[PDB]
């Protein structure tokens, strides 16, 4: 074990936590948990943190490439958007953790081939009205990349017909 060689990731990633406290400005509620850049260090982190399904409503996890803040305002996000799925109440226990882990594996495994460079990160929102999972990409008008990421992501999630997936620019989200 003292000579074990870890398996490198293409990118260094940062895992963030968001705590719901409406008294604070939104970014003030972000907390960096840790960063990693190997397969084994990914699992060491994942294996020592709470499952998404056990977070308090109003909290988030986000996994973003090192140097990209998990917010619309980042240079790498402001022209981008997200591939979003929304779950119902029953699906929190049956699917949220599985879908989130699959999302993490798509990110760290660079599953979108020559378009994985358009990936910024992913977010899971634990919400009473319906949990959300999304992959954030860097440019909504990189339509080849957006298509490829969306198509592969949906296949990897294995979504049933009742859980749909769509893309939205952050500019449109911010303006609602």
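Note that the rigid core is defined as the largest set of C-alphas that superpose within 1.5 Å between two forms. Positions refer to the first chain, counted from 1.
58 to 66 versus 22 to 30: which one's CA atoms end up farther from this form in 7 other deposited structures of this protein after a core fit? Higher root mean square deviation of C-alphas in 7 other deposited structures of this protein is shown by 22 to 30.
46 to 54 versus 113 to 121: which one's CA atoms end up farther from this form in 7 other deposited structures of this protein after a core fit? So, of the two stretches, the farther one in 7 other deposited structures of this protein is 46 to 54.
Pick between 51 to 59 and 65 to 73: the one whose mean CA B-factor in the entry is higher. Per the PDB record, 51 to 59.
Of 102 to 110 and 85 to 93, which one has the bigger average CA B-factor? Of 102 to 110 and 85 to 93, the stretch with the higher C-alpha B-factor average is 85 to 93.
Compare the CA B factors listed in the entry for 31, 129, 132, 35 and report the winner. Highest CA B-factor of the listed options: 129.
For the chain shown, is the CA B-factor of residue 115 in the lowest, middle or highest third of its modelled residues? It belongs to the highest third of the chain when residues are ordered by C-alpha B-factor.
Entry-reported Cα temperature factor of residue 142, expressed as the chain third it lands in: Ranked within chain, residue 142 CA B lands in the highest tercile.
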